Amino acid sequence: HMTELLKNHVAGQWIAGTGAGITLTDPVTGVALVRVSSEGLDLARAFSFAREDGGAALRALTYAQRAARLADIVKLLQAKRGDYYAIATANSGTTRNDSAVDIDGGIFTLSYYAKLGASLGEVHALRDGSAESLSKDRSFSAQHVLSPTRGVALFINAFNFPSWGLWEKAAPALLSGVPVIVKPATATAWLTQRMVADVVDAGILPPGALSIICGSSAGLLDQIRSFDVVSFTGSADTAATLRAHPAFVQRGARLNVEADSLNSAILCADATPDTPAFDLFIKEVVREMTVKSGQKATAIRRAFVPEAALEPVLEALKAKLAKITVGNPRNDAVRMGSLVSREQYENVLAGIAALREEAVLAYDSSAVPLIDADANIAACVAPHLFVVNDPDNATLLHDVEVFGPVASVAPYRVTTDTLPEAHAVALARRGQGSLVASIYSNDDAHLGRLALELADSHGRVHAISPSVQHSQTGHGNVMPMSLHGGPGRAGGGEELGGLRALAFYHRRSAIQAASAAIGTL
């Protein structure tokens, strides 16, 4: 009586919501951690203060001056990592290595943009492309520019990456001079709020540049105006509710959606059991099923393998999944901790029961005793591997996402005329647009060709082969220099991609003028 109620940071001040708030709990032990509440906040003043005071203050700084602030945030978060790992263990139930993906993946992405931003220099707008003549005598020309939007960036973030979900978006928004309002998902909000508190307490950014609201979302979209941008990460259903709001349909504010995705892994026809690419496929499937207990939007959900390879693949995945120990991440023998909440436990188990209506369960370690955890309290789900023998007539295989340590293997028919993986491509496309597909072969040139065939349906194609066993950055790990997003079911969004992320935060304009006026910006 009672755990800490975490304050919101709005209009440059720390303000508590009213009422009892919503308790965040440890998903292994059931302990009450902290509470949130957005009840009673003055949302009009929160958004106006950020839009006017925050934006004016950030726009007065150059890109390089904002990058320097980002670099100062890096050093701050680096110094406080021990506090962040203790929050992540308790609130998210992740192993240290899995919590590093959030915490140190966040810090690495912020540092990447601090470095990119230093290169942009001491200016207040960016050139887009080169100058172009608009006249035979070259007296009149055009230059396109990017200028920071006179709005706010509202981030409605998913539960699985409280730190990286914040920094992957906030690094390009703040480098672009746009003030940020983050709204983390309630169940795991604590790390987000503590990182925002540490950065606000250090006074590195101007008042109004960084705000946080935790608790109910009611009322937030009603404050969004036509120069604002919104970045939503979460379910496709929720996204479709947000898309209908007047902020987007009437006022035209920008929206980015990152949603559900049934990411594929395709084992190439050449990559037979006696070849090194085969073991890289089994290892990457097990890693993407088990890191964060499969709670990445980019995890492999569908693995397509030649018909001839079906049994050796199932045998090899079963042997490797059996080495994944499950339980309390405080125990150094545990390889995989819990899902983020008991509610997500129930949702994952429903989703496993749903898939089992159409697929055979090949591997399920649910009966292996948990390590230092009570299965009636903890939100630990064991790996489950499904096999779908006829993926062409399968419904659920290509439609139903289980956001847990769950994946389905299906065979495809190798094409033996003139790509051998043509059927696998078609099957991946049945996912109706995904964030990522990975492909595995012993032949690097072949992978460049197959990748082009998956590019129109996947925001990223990730090719693993023996030459890069040591250097490939992971199927599900999002490198900030690369695009993150995908068409169709994955939301039609784009994030990251290095400098490509700044466009969402800017307004592009064609300036057409005397050529002298053009030369000097």
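Residue numbers here begin at 1 and follow the sequence given.
Please count the deposited residues lying between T418 and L419 that the model leaves without coordinates, and give the class: none, 1 to 3, 4 to 9, or 10 or more.
-> Gap size class: 1 to 3 residues without coordinates, per the record.
Per the entry, higher mean C-alpha B factor between 9-17 and 498-506 | Taking the mean B-factor of the alpha carbons in each, 9-17 is higher.
Going by the B-factors listed in the PDB entry, is the mean over the C-alpha atoms higher for 58-66 or for 489-497?
-> Of 489-497 and 58-66, the stretch with the higher C-alpha B-factor average is 58-66.
Quick one: which of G219, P383, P179, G121 has the biggest Cα B-factor according to the entry?
-> Each of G219, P383, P179, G121 was compared by C-alpha B-factor; the highest is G121.
Top Cα B factor in the deposited entry, candidates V313, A88, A437, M336 | Checking the PDB record, the top C-alpha B-factor among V313, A88, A437, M336 is at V313.
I464 by Cα B-factor - lowest, middle or highest third of the modelled chain = Its C-alpha B-factor, which the entry lists for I464, ranks in the middle third among residues of this chain.
With respect to C-alpha B-factor, does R194 fall in the lowest, middle or highest third of the chain as deposited?
-> Lowest third of the chain for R194's C-alpha B-factor.
Split the chain's modelled residues into thirds by Cα B-factor; is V286 in the lowest, middle or highest one?
-> Middle third of the chain for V286's C-alpha B-factor.
Report the third (lowest, middle or highest) to which the CA temperature factor of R51 belongs, ranking only the modelled residues of the same chain.
-> Its C-alpha B-factor belongs to the middle third of this chain's values.
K115 - which third its CA temperature factor falls in, relative to the rest of the chain = CA B-factor rank for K115: highest third.
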